[PDB]
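Heads up: the structure comes next, in C-alpha cells.
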DNA sequence: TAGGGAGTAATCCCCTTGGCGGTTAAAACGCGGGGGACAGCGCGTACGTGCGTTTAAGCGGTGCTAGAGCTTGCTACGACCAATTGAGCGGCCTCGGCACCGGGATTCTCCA
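Rendered as C-alpha cells:
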C-alpha cells in the first residue's frame with residue numbers, strides 16, 4: 005500500500021476555500037462534505053470549465 | 001443520551017418515448033356527369049292587426065285551522081375496536097368461442 009499525497013491545485017483551493025467560507029455561517033455540513041469531496045476529485049465536477057469570453 | 005430523521009449518491013428494476021424499416025393498404029388526386037342545391041315565380045291561404053265583447057285574473061278584506069317549526073326526554077342503534085376466518089383478489093392454465101378466410105349461392109341494383 006503506497007500513499008500518494010498531492011496538494012489542492014490553485015483552482016481547487018479557490019473552490020475549496022470559498023466553499024469552506026460557508027462554515028463561517030453554517031455549522032448542511034453533510035452537504036458541504038460532499039462538495040468538498042467533489043473539488044477534492046476534480047473541480048469540473050463542481051463547476052465544469054467551458055469556452056468563455058469577456059463580459060458583454 | 002440515543003434514536004431516527006434529514007441529506008445525498010450510488011445501485012438496479014420498470015416503462016414509456018423515440019427511431020428504423022417495409023410495405024401495404026388507405027389517403028390523395030382526376031374527372032366526368034348528375035342530380036341536388038338554389039334561385040326565381042305564382043297563389044293562396046293562413047296569420048297578424050284591429051274593434052267590440054266578456055270574462056275572470058288580480059287586489060283588498062275576513063276568518064279559520066292545519067301543520068311547519070321548535071323544545072324535551074330517552075333509548076335504541078351505529079360508531080368503535082379487538083379477535084377470528086372465509087370471501088374475493090392475484091397468478092396460472094386450457095379449450096372453445098369467434099373470427100377470419102374461400103369459394104359457391106342469393107340478393108340488389110340499373111340500364112335497356
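In my numbering, the protein residues as written are 5 to 60.
Ideal Cβ positions, reconstructed from N, Cα and C, are used throughout, including at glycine.
To the nearest angstrom, how far is the alpha carbon of residue i from that of residue j?
i, j, result
"residue 26", "residue 37", "12 Å"
"residue 14", "residue 34", "24 Å"
"residue 56", "residue 46", "19 Å"
"residue 59", "residue 7", "43 Å"
Can you look up residue i in the DSSP assignment and give me helix, strand or coil?
i, result
"residue 48", "helix"
"residue 18", "helix"
"residue 40", "helix"
"residue 30", "coil"
"residue 12", "coil"
Assuming residue i contacts residue j under a Cβ cut-off of 8 Å, what Cβ separation, rounded to an integer in Å, is found between them?
i, j, result
"residue 50", "residue 19", "6 Å"
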